[PDB]
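Here we start with a single chain on its own, the form deposited in one PDB entry, put down as structure tokens.
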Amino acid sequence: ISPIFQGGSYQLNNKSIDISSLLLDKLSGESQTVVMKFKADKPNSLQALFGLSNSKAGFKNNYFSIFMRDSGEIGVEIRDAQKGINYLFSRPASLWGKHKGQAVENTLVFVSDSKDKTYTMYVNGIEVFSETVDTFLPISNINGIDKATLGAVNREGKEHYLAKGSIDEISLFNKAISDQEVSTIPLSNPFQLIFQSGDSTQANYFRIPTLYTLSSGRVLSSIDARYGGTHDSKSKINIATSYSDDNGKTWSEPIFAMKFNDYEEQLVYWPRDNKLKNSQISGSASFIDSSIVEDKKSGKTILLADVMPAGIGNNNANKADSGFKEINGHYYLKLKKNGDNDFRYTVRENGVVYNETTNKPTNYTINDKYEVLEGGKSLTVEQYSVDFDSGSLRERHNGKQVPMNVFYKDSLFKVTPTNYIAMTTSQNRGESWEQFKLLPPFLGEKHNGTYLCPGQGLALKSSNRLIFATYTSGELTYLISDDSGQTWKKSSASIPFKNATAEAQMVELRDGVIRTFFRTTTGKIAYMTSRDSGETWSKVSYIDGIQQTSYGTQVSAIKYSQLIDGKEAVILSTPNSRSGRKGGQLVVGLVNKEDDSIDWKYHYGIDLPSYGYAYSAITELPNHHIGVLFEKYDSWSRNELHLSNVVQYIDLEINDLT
């Protein structure tokens, strides 16, 4: 239908604009849609974009508002003191502020639907909340409404929540337009989505983006497809991938690089309230933290990720057990059979399950997919699904049979409840992935696996050497292959922290010379250097001019292919903030050839200092643009859990950064 009111080019300069005479008598019926295109690149801490209120003395709590915070949160209040109603619905990290240093036009759509008693908010094509209520309050049914205001709410005759920004366009409709109609509203987004709710992964959440540019010109991305909210393992998480063959303009429908099937892939709206938000899928196996490299010699693409058995994450993984048994210089995966309280079995050659107590082979084998066979016959288990129908998280069998896998809760034979690293390869640049294989233990029998550093591995330019950084207590542990990923050895580099999440990414400064940038516990990004292709490593130094929080955040890093100001250049991506995971920047450093020192010369603001920016991936696209896929929210904050469609992709040119 047609708008009952439409207006535009409203400048909000800490002075409200009264539109009462234009709008109030046009409002009718119980359902309404507001469509607002607006900018706010210097917002106040809390500000109202749009207000309908009773402005009379004695009725300060009778109003409807669409408000935003300088954190990027968007929300509404719907209040009527006579009815005893005070609704407040919002979602953090819903907005853009600036892109390439210019204010972004956000497109907000708020649907107030009396028929389903639901209030739904979209920003920039993304649904950020959908809230159904017992007693519906139509936004124009508030007792004694007499003002319609832009850039404030009029309470008792005074301007509250004054806004700084602009409303380029605003329209109101006396109808709750459908989700289908919402999708037809034109957008001006500075970003793209590669992975998103409702896509082929069926995950409602995503974290831990990666990007890597392949020799064909194809750009490949991997990600955690996270089903049980944005929680780290334990949860259900798969690793998914997507690629672009046109310099990031379009992306393929995702497929899985690593997946378990003990739990259903369910798209779930995870609870965000303070009683239930920590609900966590507790009986599922998962993968977490992926990393990609391409091997020039073989042509293979290689992806590693951590693997977690059912119920396991980094917090409860057995730190004192690799899950492997060393027998005459060889490592064998240990297994525990139901009924035993110890690990009496090993997986030997050809997947044969061997009884360590009697030294006899059993009638069981493990196939290449870590599935259990008995006398050659595939065993199955019943799949679980999850729901909150009872008012709390429930995990229960769903009637479907899936292959029995040793990483599963219901398996007859189970692996050690600790963390592992697996690798898969692709021979067609991400169009399909092989079944994963566990990497061997690197730090002996009685040590849990190291933790993969998400992002990119490093292919050295002048050899066949492949390196993936990992971390554990007290060190970075580099995994090195010179044979296309068939075998690996470790190279340990001490760092002066205990129990740091030392997520590390590497650049080759020149032939044989690797610099690694990594997260610390000190508020500063650290680095170390190898001058022998990863065999040995220097002591740790720190980067000045970038601030992180005490807990830190992953940093991504690349060596740019072209000179900048006549110098070789390194680009870092990281939040730059002492408060939270916000204020994302790309930082361009120019290398001094005399000593390999780096002058951090340019700092590019991805968005506002107050807007969220957490884990990130960066890669030089084949056309020398820079692609950035990043978590546009504070992934640490306990207030910003379980947000959909906040991992976002942007395209930048070097001139934008400098």
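Note that residue numbering follows the sequence shown and begins at 1.
Heads up, the form solved in complex with a small molecule isn't pictured, but that's what we're talking about next.
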property: Listed residue that, although the small molecule is not shown, lies within 4.5 Å of it in the deposited bound form (heavy atoms), from 308, 239, 335, 469; result: 308
property: Contact assignment for the small molecule in the deposited bound form, among 581, 91, 155, 79, heavy atom within 4.5 Å; result: 581
property: Interface membership of residue 74, the small molecule in the deposited bound form, 4.5 Å heavy atom rule; result: no
property: The small molecule contact in the deposited bound form: residue 636, any heavy atom under 4.5 Å; result: yes
property: Distance check, residue 314 to the small molecule in the deposited bound form, heavy atom within 4.5 Å; result: yes
property: Residue 149: touches the small molecule in the deposited bound form, heavy atom cutoff 4.5 angstroms; result: no
property: Stretch from 425 to 433, 343 to 351, 269 to 277, 231 to 239 whose residues place a heavy atom within 4.5 Å of the small molecule in the deposited bound form; result: 231 to 239
